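Some notes on the structure that comes next.
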Amino acid sequence: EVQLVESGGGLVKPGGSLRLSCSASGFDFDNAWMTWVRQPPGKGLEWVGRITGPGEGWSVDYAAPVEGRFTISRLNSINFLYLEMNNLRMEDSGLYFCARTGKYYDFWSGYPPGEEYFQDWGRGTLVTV
Amino acid sequence: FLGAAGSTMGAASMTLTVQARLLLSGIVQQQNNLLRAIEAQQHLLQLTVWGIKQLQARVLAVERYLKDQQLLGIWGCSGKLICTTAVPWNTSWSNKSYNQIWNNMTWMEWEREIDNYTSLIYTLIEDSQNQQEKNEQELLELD
Amino acid sequence: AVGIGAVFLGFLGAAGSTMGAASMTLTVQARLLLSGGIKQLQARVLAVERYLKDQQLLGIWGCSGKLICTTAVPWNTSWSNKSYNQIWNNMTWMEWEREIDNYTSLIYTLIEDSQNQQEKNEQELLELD
Amino acid sequence: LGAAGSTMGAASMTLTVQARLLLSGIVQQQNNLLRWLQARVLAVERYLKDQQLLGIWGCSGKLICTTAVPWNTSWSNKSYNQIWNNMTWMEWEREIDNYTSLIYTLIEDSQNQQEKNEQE
Amino acid sequence: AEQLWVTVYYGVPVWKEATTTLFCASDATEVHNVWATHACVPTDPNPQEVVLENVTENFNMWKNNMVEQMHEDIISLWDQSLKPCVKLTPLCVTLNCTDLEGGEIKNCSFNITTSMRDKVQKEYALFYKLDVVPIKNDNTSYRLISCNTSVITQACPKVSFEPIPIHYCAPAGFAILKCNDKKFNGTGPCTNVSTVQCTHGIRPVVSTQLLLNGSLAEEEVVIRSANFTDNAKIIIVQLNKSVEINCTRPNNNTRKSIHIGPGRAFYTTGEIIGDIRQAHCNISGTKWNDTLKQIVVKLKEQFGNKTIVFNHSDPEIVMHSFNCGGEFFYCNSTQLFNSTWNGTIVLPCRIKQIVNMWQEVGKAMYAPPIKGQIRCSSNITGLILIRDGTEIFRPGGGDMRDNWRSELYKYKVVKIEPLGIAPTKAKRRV
Amino acid sequence: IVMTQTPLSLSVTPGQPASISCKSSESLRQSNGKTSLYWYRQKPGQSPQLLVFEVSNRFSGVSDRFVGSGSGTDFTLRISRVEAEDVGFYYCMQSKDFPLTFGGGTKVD
Amino acid sequence: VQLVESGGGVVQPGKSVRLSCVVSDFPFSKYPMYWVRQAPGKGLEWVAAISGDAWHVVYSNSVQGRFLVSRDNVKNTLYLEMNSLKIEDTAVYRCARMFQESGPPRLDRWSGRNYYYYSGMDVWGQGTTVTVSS
Ligand SMILES: *[C@@H]1O[C@H](CO[C@@H]2O[C@@H](C)[C@@H](O)[C@@H](O)[C@@H]2O)[C@@H](O[C@@H]2O[C@H](CO)[C@@H](O[C@@H]3O[C@H](CO[C@H]4O[C@H](CO)[C@@H](O)[C@H](O)[C@@H]4O)[C@@H](O)[C@H](O[C@H]4O[C@H](CO)[C@@H](O[C@@H]5O[C@H](CO)[C@@H](O)[C@H](O)[C@H]5NC(C)=O)[C@H](O)[C@@H]4O[C@@H]4O[C@H](CO)[C@@H](O[C@@H]5O[C@H](CO)[C@H](O)[C@H](O)[C@H]5O)[C@H](O)[C@H]4NC(C)=O)[C@@H]3O)[C@H](O)[C@H]2NC(C)=O)[C@H](O)[C@H]1NC(C)=O
Ligand SMILES: *[C@@H]1O[C@H](CO[C@@H]2O[C@@H](C)[C@@H](O)[C@@H](O)[C@@H]2O)[C@@H](O[C@@H]2O[C@H](CO)[C@@H](O[C@@H]3O[C@H](CO[C@H]4O[C@H](CO[C@@H]5O[C@H](CO)[C@@H](O[C@@H]6O[C@H](CO)[C@H](O)[C@H](O)[C@H]6O)[C@H](O)[C@H]5NC(C)=O)[C@@H](O)[C@H](O)[C@@H]4O)[C@@H](O)[C@H](O[C@H]4O[C@H](CO)[C@@H](O)[C@H](O)[C@@H]4O)[C@@H]3O)[C@H](O)[C@H]2NC(C)=O)[C@H](O)[C@H]1NC(C)=O
Ligand SMILES: *[C@@H]1O[C@H](CO)[C@@H](O[C@@H]2O[C@H](CO)[C@@H](O[C@@H]3O[C@H](CO)[C@@H](O)[C@H](O)[C@@H]3O)[C@H](O)[C@H]2NC(C)=O)[C@H](O)[C@H]1NC(C)=O
Ligand SMILES: *[C@@H]1O[C@H](CO)[C@@H](O[C@@H]2O[C@H](CO)[C@@H](O)[C@H](O)[C@H]2NC(C)=O)[C@H](O)[C@H]1NC(C)=O
Ligand SMILES: *[C@@H]1O[C@H](CO)[C@@H](O[C@@H]2O[C@H](CO)[C@@H](O)[C@H](O)[C@H]2NC(C)=O)[C@H](O)[C@H]1NC(C)=O
Ligand SMILES: *[C@@H]1O[C@H](CO)[C@@H](O[C@@H]2O[C@H](CO)[C@@H](O)[C@H](O)[C@H]2NC(C)=O)[C@H](O)[C@H]1NC(C)=O
Ligand SMILES: *[C@@H]1O[C@H](CO)[C@@H](O[C@@H]2O[C@H](CO)[C@@H](O)[C@H](O)[C@H]2NC(C)=O)[C@H](O)[C@H]1NC(C)=O
Ligand SMILES: *[C@@H]1O[C@H](CO)[C@@H](O[C@@H]2O[C@H](CO)[C@@H](O)[C@H](O)[C@H]2NC(C)=O)[C@H](O)[C@H]1NC(C)=O
Ligand SMILES: *[C@@H]1O[C@H](CO)[C@@H](O[C@@H]2O[C@H](CO)[C@@H](O)[C@H](O)[C@H]2NC(C)=O)[C@H](O)[C@H]1NC(C)=O
Ligand SMILES: *[C@@H]1O[C@H](CO)[C@@H](O[C@@H]2O[C@H](CO)[C@@H](O)[C@H](O)[C@H]2NC(C)=O)[C@H](O)[C@H]1NC(C)=O
Ligand SMILES: *[C@@H]1O[C@H](CO[C@@H]2O[C@H](CO)[C@@H](O)[C@H](O)[C@H]2NC(C)=O)[C@@H](O)[C@H](O)[C@H]1NC(C)=O
Ligand SMILES: *[C@@H]1O[C@H](CO[C@@H]2O[C@@H](C)[C@@H](O)[C@@H](O)[C@@H]2O)[C@@H](O)[C@H](O)[C@H]1NC(C)=O
Ligand SMILES: *[C@@H]1O[C@H](CO)[C@@H](O)[C@H](O)[C@H]1NC(C)=O
Ligand SMILES: *[C@@H]1O[C@H](CO)[C@@H](O)[C@H](O)[C@H]1NC(C)=O
Ligand SMILES: *[C@@H]1O[C@H](CO)[C@@H](O)[C@H](O)[C@H]1NC(C)=O
Ligand SMILES: *[C@@H]1O[C@H](CO)[C@@H](O)[C@H](O)[C@H]1NC(C)=O
Ligand SMILES: *[C@@H]1O[C@H](CO)[C@@H](O)[C@H](O)[C@H]1NC(C)=O
Ligand SMILES: *[C@@H]1O[C@H](CO)[C@@H](O)[C@H](O)[C@H]1NC(C)=O
Ligand SMILES: *[C@@H]1O[C@H](CO)[C@@H](O)[C@H](O)[C@H]1NC(C)=O
Ligand SMILES: *[C@@H]1O[C@H](CO)[C@@H](O)[C@H](O)[C@H]1NC(C)=O
Ligand SMILES: *[C@@H]1O[C@H](CO)[C@@H](O)[C@H](O)[C@H]1NC(C)=O
Ligand SMILES: *[C@@H]1O[C@H](CO)[C@@H](O)[C@H](O)[C@H]1NC(C)=O
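If you read the sequences in order, they're chains A, Z, R, Y, S, C and X.
All residue numbers for the first sequence refer to our numbering, where the first residue is 78 and numbers rise by one.
All residue numbers for the second sequence refer to our numbering, where the first residue is 111 and numbers rise by one.
All residue numbers for the third sequence refer to our numbering, where the first residue is 16 and numbers rise by one.
All residue numbers for the fourth sequence refer to our numbering, where the first residue is 267 and numbers rise by one.
All residue numbers for the fifth sequence refer to our numbering, where the first residue is 13 and numbers rise by one.
All residue numbers for the sixth sequence refer to our numbering, where the first residue is 42 and numbers rise by one.
All residue numbers for the seventh sequence refer to our numbering, where the first residue is -3 and numbers rise by one.
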């Protein structure tokens, strides 16, 4: 019954700013790790960044080509996820997904920090730069 | 300062980190220069039609500022911008679900959704919380 | 073609009630204190100039924005020969502000310069550690 | 205005007297309405300018409050005891008057627009 | 599920529709002008304009309170500056006039002036046919026109009359919305609604059958009205391509003074110097012809058959009227309404010195004479037209309120109410 | 309150204008800015149908010749060029306060 | 839309029945309702009224305390129960909808008292008939 709807995508000039939103439903958004993933045109899925939960201090991690330009945030009061993008380039354009993020670590074979997986996705919102 | 009047409620809280786009700061940078004393460098030279209207203009700048501070002052939410309360939302006020209010809605349409019910919410903050907590706080100082 | 009875409270509605019943009623007398051929304008400033004074005196006492608050100024039994439970259960407010009318000036000086002036020089010098 | 010649570490003990008498002074106009208030209305607006501005600066009610904003010595690099136990307040204002509005945005943003993003 | 809690947000971007009282902002001195009124808040050349993103907001250009507010105010400004001056009550006496096209200006000789009681004073005077009336009981002997009409009151000569742009600023907490659609009908919704704090320049020009110094519609020629197939709702023609006019008073016109008020001197035409040459105007014959065809194309998108006919529209209401340097011209604009669509145009002008009001009852201002020669040029950018129901178009009457509807047709007034609540999961810990 | 009307019987033929007025004891002007007087018609053997709700506005399915006016006490419904199917009754109904009453119903033949 | 009643007929004095008006399509909790009584050969008499949230009930003085009305916004029903019947209650009852919409109750600020607005009627049900005799 999980539902995620991205929004805010549109046409933007190089160097410009943009703010994508994600309305989360169907689960416990508050303690849930969230991730942004994009698909450039004619290319595959690409991990953008991920915000953690309370125990992790809402820490956020970023992909190298995007570190410094992009900002991931949350307002848990209305179960919204956000993506603040500044100084965009052509290659920033694609279809942007938000997805509920699960943590996995096998005790006997695992290596820290284990692995993160994406159990629920939204339909995406189109960024054109 | 109305830059996100077409944006959505789930997204307008992002740009609201600027002080409601420095809302009240536009008043103090106005009344520093509204109180240019060229009015006192003339004594208006007379009583004129404009100075009658300016006098009726500054009063509304005084009153309608106070009615927004007082209501924030009484709600236990003095000077903040986003504060939570103790009042439970009643679904009879709006049977809209969660994401439709935030992700999929403007602001001014949402005004007309609860402009009927708005006044009941005003009493149901004060007499439910801010009248109420002060007595229960004072009981916790009795010991 | 309208009409229903009372729901919450009225304006000045607790002004014949006891203190313990009027203490839960203060907001209605708090809201409508401000809102409500030159002689309208001369009223529209006196209504402001009375509101600021009562707002200002709460500001000095470390008690701005709260409806009620306590201090550390000791009540002096010379001011009232009334017993405790007579005050909180039998006396109305309108009677009560004829009984402590004379002492009021002593009270207001003995809030500021007594405590909330003194609770800043003590407050500022709790640093350095 | 008594400690106007004091140093900045000394005149701070008279901060309460200056604040009280800013508003209306002692009350003149002893009810003599027998026989034309713009100056009366401005004095409130001068007062309400500052209380709202201390409200945005997270510092309503207080007289002396701290911050999370470090100083930028390009304003004035004059060090601690060069001024504090050496200079009055009229002269310290005549060192910072060019930079005044620049201080006000920084106190607004990095102290309460910042700490609004720490509430959660 | 999560029990939702109430959260108060201060600074929400909401508003409503409201009414208010406005105040001027002049962008600039001895303060003796009727309209400019330099006792006024100075402006700010900050560009304050904020654009929106997603707004659909209906306006109106007739039921907007901003234009009814001026017409109760600009008559107040123009009558405060008329009250302390001298009355002209002893002037309404028996005249004796003669002439020195025919005889237009009139050497008139009335012979009392009660500076005192015992000794009334004979007097020399020079008048106009637009100010005097004949009397039926004797030989040629006249009187002023508006004796039994209203109190004729002289304007003080040390005043001014120039239009100066008056920026209406809303008071604080309010705001003014502004649309930016080029094809705006005048009464529909808009798409790009920008937000300002204080409007643009408005020249307070008074004129009839045209607009002077106006504004500029951009990229094409706009025609607006409400009820097209009714004859009542006057169409308003705004333009691009500002058409220039010259108008002049080719005389010298020295003025004398006559002491009638004990401390208040009456001013009249002393003697003209030179040659009696009628006041007129000049219009470029090329641009005017090119302009009217551009109107008819937009007319034939609302009256697209039974082709457009121009025909010209009592000395006052029929004539074209305007002011020029504190001097009021009545000009015969018959020539500009001749054609249909299937060098330097000279229009003659007459001069009246007893103007009337907007409601034209209860007061009658008298202009003082002005020494020297008067030149004024102005951009004609506004045309008033009325239908009759092929289609024939007259200029129209004299409802002066319609002038500013061509200048407030993008502006409404709102009320920023930045306090509002919304539910969320977070409760204040008590 | 009390609110009667006049005349009870108007036995007419089509082709002429006439009018029916309802007279008010208590004056009607509510604080919303409107006068709550509702004029409507029944046919014999039928539940009634709304002619005009306010004294100004009309209802759907109404000929243009049905005009009404009045002060706070005077109230008038005018029928221009009275149509052939104007049989039955005509009740004047007010909505000031309770109990909200009626008129007798003017019979038109 | 469709608007009829049920439960009509003929009873004795001292008896008690309850009618049943049923609406068809409009949102029923939004609107208030009414009851009217046309006597045979007479004009009309107002009977009763319910608020939209079924909280406010105003009766006529003659039938005060005897009758009973109620709502069920889920089942979209409308009841007029009656008690202590008299012979002069024999007339035509009609179920009727308010013309305008109504809002929620108002709560004036100056006195903690709500307000339910009430305006007149457009859609009369054809209605049943109750006769009280021997
Ligand atoms: C907040 O509160 C305010 C009120 O309070 C205000 O604020 C307070 C603070 C106080 O200050 C207070 O004093 C203030 O006033 C609420 O405002 C109210 O809003 C509602 C809308 O939600 C308004 O209701 C409408 O009113 C019109 C008439 O009002 C006019 O005049 C007023 C004032 O003069 C204006 O303000 C107003 O805008 C109008 O101009 C009324 O006619 C409307 O009803 C018709 O339309 C609806 C919509 O279709 C119909 O409902 C439908 O009914 C069918 C039938 O069963 C159902 O199948 C549908 O499901 C249902 N719903 C929908 C969505 O369709 C309704 O029945 C009626 O429909 C007409 O019905 C007739 C009769 O059947 C029909 O005529 C027929 O025609 C045919 C063909 O011609 C045949 O001839 C038949 O014989 C003939 O009978 C006609 O065709 C139908 N038309 C249509 C389109 O269906 C509508 O209710 C209300 O006026 C307004 N004010 C007040 C005081 O209440 C506000 O809502 C509150 N906010 C919130 C969020 O709640
Ligand atoms: C979210 O909001 C909800 C709605 O808010 C409402 O609207 C807002 C805009 C604002 O104005 C609010 O102020 C307003 O309340 C809140 O819901 C309210 O909750 C309160 C509870 O605190 C409710 O109060 C109860 O009211 C009941 C009704 O009282 C009326 O009726 C009494 C008599 O009752 C009548 O009896 C006859 C018997 O014959 C019934 O007739 C039968 O009807 C059948 C069905 O149609 C059938 O047709 C039969 O033929 C017919 O005989 C009749 O139907 C019935 N009336 C009703 C309405 O049912 C009167 O005595 C009384 O004066 C009033 O007129 C009370 O019964 C009830 O008391 C009972 O319940 C108590 C707690 O449950 C219990 O302790 C008591 O011992 C007692 O048993 C309450 O007093 C209020 O009605 C609600 N509002 C609405 C509109 O319904 C909601 O609270 C809020 N959410 C939260 C979390 O707070
Ligand atoms: C009639 O309309 C035309 C065009 O709308 C007006 O011409 C424009 O007038 C303004 C000010 O009068 C000019 O701005 C000035 O430009 C000069 C150029 O040297 C500059 O030095 C000044 O500082 C100022 O910026 C504007 O350029 C000019 N437009 C053009 C194309 O030349 C004209 O003034 C109007 N005349 C009347 C009588 O209304
Ligand atoms: C007005 O005064 C009466 C008493 O004179 C108050 O009634 C008392 O109310 C409390 C509250 O429940 C009861 O415990 C007492 O038993 C009541 N007194 C009596 C004699 O029965 C009444 O509350 C006062 N009005 C207000 C608004 O407080
Ligand atoms: C108006 O002025 C004319 C011009 O002076 C007056 O007419 C003169 O009257 C005297 C007296 O008989 C004659 O000597 C002159 O020859 C007349 N001149 C002319 C040009 O007619 C006249 O009396 C004055 N008054 C009126 C009422 O017309
Ligand atoms: C206009 O009429 C006046 C009469 O009022 C003429 O004024 C007279 O001028 C002569 C000299 O030319 C004087 O001697 C008289 O005393 C004047 N009479 C007066 C002032 O009443 C005047 O000449 C006429 N013509 C013009 C051009 O002004
Ligand atoms: C201003 O008005 C002029 C005059 O009509 C416009 O110029 C003509 O516009 C029409 C309609 O688009 C064209 O058919 C003509 O070719 C244009 N030129 C000439 C010389 O007639 C002009 O488009 C308007 N706008 C601006 C910005 O100048
Ligand atoms: C525009 O004006 C015309 C009048 O020339 C209106 O047309 C008629 O208006 C009368 C006025 O009540 C109606 O009785 C007629 O039925 C109308 N005729 C037609 C064919 O509509 C027209 O309605 C007006 N339009 C607007 C939008 O005001
Ligand atoms: C109206 O008067 C103006 C003078 O203000 C004329 O403008 C001059 O036009 C000539 C062309 O013949 C230019 O060479 C001058 O530079 C212009 N001078 C100024 C000051 O504008 C204008 O030509 C006149 N006629 C019309 C029809 O506008
Ligand atoms: C505007 O001027 C024209 C000039 O042709 C006037 O038209 C005619 O003027 C002659 C005078 O030589 C009259 O005999 C005619 O009767 C006029 N024609 C018409 C149709 O009236 C015109 O009268 C003037 N109009 C105004 C208002 O001044
Ligand atoms: C809505 O209007 C804006 C306005 O943009 C301005 O356009 C003028 C045109 O002359 C130009 O001079 C300004 O520089 C522009 N910018 C500013 C900040 O004033 C347009 O940009 C939008 O495209 C318009 N929207 C539509 C749908 O046309
Ligand atoms: C919200 O946006 C809608 C577009 O998407 C719709 O959203 C959900 C809630 C469903 O209704 C579904 O039909 C669509 O996917 C608009 O249609 C709508 O007008 C917007 N505004 C609201 C609901 O207030
Ligand atoms: C309307 O707002 C949405 C939400 O941000 C945005 O996608 C869209 O670009 C806006 N409309 C226009 C015309 O920019
Ligand atoms: C003023 O001057 C005297 C002597 O110069 C000094 O002792 C005194 O303390 C000064 N005042 C203050 C407030 O320091
Ligand atoms: C403030 O410090 C920054 C470095 O952090 C410097 O770049 C800037 O010039 C300083 N401000 C001014 C006004 O000089
Ligand atoms: C304070 O400043 C004055 C300025 O000349 C100087 O004379 C004096 O020595 C200073 N005192 C101290 C303690 O620095
Ligand atoms: C004014 O003219 C009339 C007309 O002849 C004359 O009788 C009268 O004496 C004159 N009065 C004066 C003061 O010149
Ligand atoms: C009066 O003077 C006028 C002006 O010349 C003249 O037409 C008229 O004939 C004169 N009256 C007599 C009786 O001559
Ligand atoms: C302007 O356009 C709107 C639709 O966009 C239309 O409803 C309106 O009637 C038009 N204006 C006129 C005067 O017809
Ligand atoms: C107006 O034009 C005429 C001829 O066309 C010329 O004689 C006159 O000098 C012009 N006046 C002005 C002010 O341009
Ligand atoms: C005149 O009417 C006809 C009929 O539709 C139309 O085809 C034609 O375009 C119209 N003429 C003009 C100039 O629009
Ligand atoms: C203009 O209007 C007059 C008014 O009677 C009319 O006689 C004339 O035919 C119209 N057309 C022209 C070209 O004058």
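Backbone N, C-alpha and C define an ideal beta-carbon position, used for all residues, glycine too.
Quiz prompt | Residue of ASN163/A, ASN156/A, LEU160/A, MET167/A minimising C-alpha distance to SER207/Z | solution = Within the second sequence, the letter at position 97 stands for residue 207/Z. Closest option to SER207/Z, Cα to Cα, is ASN156/A.
Practice problem: State yes or no: is the beta carbon of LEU125/R nearer than 8 Å to at least one beta carbon in chain Z? | Solution: Position 110 of the third sequence, counted from the first residue, corresponds to residue 125/R. Judged by the 8 Å Cβ criterion, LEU125/R is not in contact with chain Z.
Quiz prompt | chain X contacts from the stretch 109 to 134 of chain C (Cβ-Cβ distance under 9 Å) | solution = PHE130, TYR132, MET134
Self-check item: Residues bridged to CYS63/C (per DSSP)
Solution: Translated into positions along the sixth sequence, residue 63/C becomes position 22. Its beta-bridge partners are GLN46/C.
Quiz item: Exposed or buried, which one is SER98/A when buried takes at least 16 other CB atoms within 10 Å?
Solution: Taking the first residue of the first sequence as position 1, residue 98/A is located at position 21. The residue is buried, with at least 16 neighbouring Cβ atoms inside 10 Å.
Practice problem: Run the proximity test for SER389/S: is its beta-carbon closer than 7 Å to any non-hydrogen atom belonging to ligand 3? | Solution: Counting from 1 along the fifth sequence, the entry for residue 389/S is found at position 377. Answer for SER389/S: yes, Cβ within range of ligand 3.
Quiz item: Using DSSP with H/G/I as helix, E/B as strand and the rest coil, what is residue 12/S?
Solution: In this structure chain S extends from 13 to 442, so residue 12/S is not present and cannot be described.
Quiz prompt | Contact under 8 Å by Cβ, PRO48/C with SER121/C | solution = As a first step, residue 48/C is located in the sixth sequence; it is residue number 7 there, counting from the start. As a first step, residue 121/C is located in the sixth sequence; it is residue number 80 there, counting from the start. No.
Quiz item: Could you give the C-beta distance for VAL62/S and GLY116/Z, rounded to a whole number, given that I count them as a contact under 8 Å?
Solution: Stepping through the fifth sequence from its first residue, residue 62/S is reached at position 50. Stepping through the second sequence from its first residue, residue 116/Z is reached at position 6. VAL62/S to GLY116/Z, Cβ: 12 Å. No contact.
Self-check item: Reference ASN391/S; option with closest CA among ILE86/S, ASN258/S, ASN76/S, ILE176/S
Solution: Counting from 1 along the fifth sequence, the entry for residue 391/S is found at position 379. That would be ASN258/S, whose Cα lies nearest to the Cα of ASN391/S.
Quiz prompt | Contact belief for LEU15/X with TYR75/X at Cβ below 8 Å, rounded distance in angstroms | solution = Within the seventh sequence, numbered from 1, the residue matching residue 15/X stands at position 19. Within the seventh sequence, numbered from 1, the residue matching residue 75/X stands at position 79. Yes, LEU15/X and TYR75/X are in contact; Cβ-Cβ is about 7 Å, under 8 Å.
Quiz item: Are the beta-carbon atoms belonging to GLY282/S and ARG267/S less than 8 Å from one another?
Solution: Within the fifth sequence, numbered from 1, the residue matching residue 282/S stands at position 270. Within the fifth sequence, numbered from 1, the residue matching residue 267/S stands at position 255. In this structure, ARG267/S lies closer than 8 Å to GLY282/S by Cβ.
Quiz prompt | Every unbroken beta strand (DSSP E) within the stretch 62 to 144 of chain C, with a cutoff of 3 residues, ordered by chain | solution = 78 to 83, 90 to 93, 107 to 111, 116 to 120, 130 to 135
Quiz item: If you follow the alpha helix (DSSP H) that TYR123/R is part of, which residue opens it and which one closes it?
Solution: Against the third sequence, residue 123/R aligns to sequence position 108. Its alpha helix (DSSP H) spans residues 119 to 126.
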